[PDB]
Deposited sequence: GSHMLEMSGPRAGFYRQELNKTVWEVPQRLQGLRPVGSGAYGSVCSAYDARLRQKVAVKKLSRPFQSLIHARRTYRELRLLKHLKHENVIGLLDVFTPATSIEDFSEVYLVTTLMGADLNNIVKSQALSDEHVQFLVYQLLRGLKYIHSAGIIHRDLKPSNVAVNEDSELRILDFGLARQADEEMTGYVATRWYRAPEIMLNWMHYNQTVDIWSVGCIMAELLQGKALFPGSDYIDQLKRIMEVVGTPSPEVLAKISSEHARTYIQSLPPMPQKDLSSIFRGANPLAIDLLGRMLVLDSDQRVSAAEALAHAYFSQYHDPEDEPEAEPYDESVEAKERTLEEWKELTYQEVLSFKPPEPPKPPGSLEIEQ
């Protein structure tokens, strides 16, 4: 195990090489969860989660994406966002720098786990969804869009503390905004509010709101609740080419969400109604949603901070693979 004070083992067909401080590595699952282990960090003296990045410098865009992930994790430090406790590489020089390891808080569960193992009370949904929006307010205010928010990217520990995992870095399409589905090139932060809506719907009902079996079925299920858009709304939520997928559907009125969410807190229904809207910019913002009466138990404007804009200047400039690597290497070494 080349580097001093580091040891090697095989976990899910692949070699993990970690410092002696990291003990009892246990894979979370097989496949898409094959890059993450639970561990005990003997230096920090606590249980941790460790993520081995797949192939960080395989191409230009992967090198670029690796850098960005590191950057966002530092810039977006917040109570409801996952933050780095450690970062390392088995490399001793930039010449053998090919792997990056990220060490965070061990949360232990995601929102899927929460929905599966337990029926959720309305008061419990208020708390969970409050935190997710509070994390998202911060993310958005830095000028970052998640773009793929769903239950498996939202971590919750046994004290019901919630942290957002990842920022759309790189799957189910049940939580993706229609404008993303329809390849609208000019989407913004509001796409995540659609996802929050679907997530909140699922916490309340214990089941997915729009579980499409395929692309066309996904759009169908969606329109069958929210109604088909006017041409004017359709013009601002899709690529020209993707319009046919909505135009050739039968015209449908919006359903009454009181009939979909029968028995729910009328406040939840109201709010869901301001999130699950085709006209994207009519969607309530994360900051605005926090002020909604539904979260009136937990809302604290003084304690729902905004971020400084995320600085894009380094990534605005074109660099070689070998340069993104050197930038990432220094970023790792500086932790």
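Unmodelled segments of the deposited chain, in sequence order: 1 to 8, 179 to 189, 355 to 370.
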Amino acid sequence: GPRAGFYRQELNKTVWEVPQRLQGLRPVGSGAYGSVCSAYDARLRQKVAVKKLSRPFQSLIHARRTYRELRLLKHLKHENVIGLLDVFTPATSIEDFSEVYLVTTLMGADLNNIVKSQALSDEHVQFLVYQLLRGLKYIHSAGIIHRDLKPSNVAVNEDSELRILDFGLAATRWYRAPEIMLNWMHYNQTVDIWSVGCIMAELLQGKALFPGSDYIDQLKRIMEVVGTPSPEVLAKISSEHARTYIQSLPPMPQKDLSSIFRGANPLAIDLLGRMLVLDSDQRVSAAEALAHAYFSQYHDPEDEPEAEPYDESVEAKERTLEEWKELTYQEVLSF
From here on, numbers count along this sequence of modelled residues.
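Relative to its counterpart among 111 to 119 and 200 to 208, 111 to 119 has the higher mean temperature factor, C-alpha atoms as listed in the PDB entry. Remark: stretch with higher mean C-alpha B factor among 211 to 219 and 258 to 266 is 258 to 266. Among the modelled residues of its chain, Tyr33 has a C-alpha B-factor that falls in the highest third according to the deposited record. Compared with the other modelled residues of the chain, the Cα B-factor recorded for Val314 ranks in the middle third.
For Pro229, the recorded CA B-factor ranks within the lowest third of the chain. Only modelled residues enter the ranking. In this PDB entry, the Cα temperature factor of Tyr138 sits in the bottom third of its chain's modelled residues, the lowest group.
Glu99 sits in the middle third of its chain by CA B factor, as recorded in the PDB entry.
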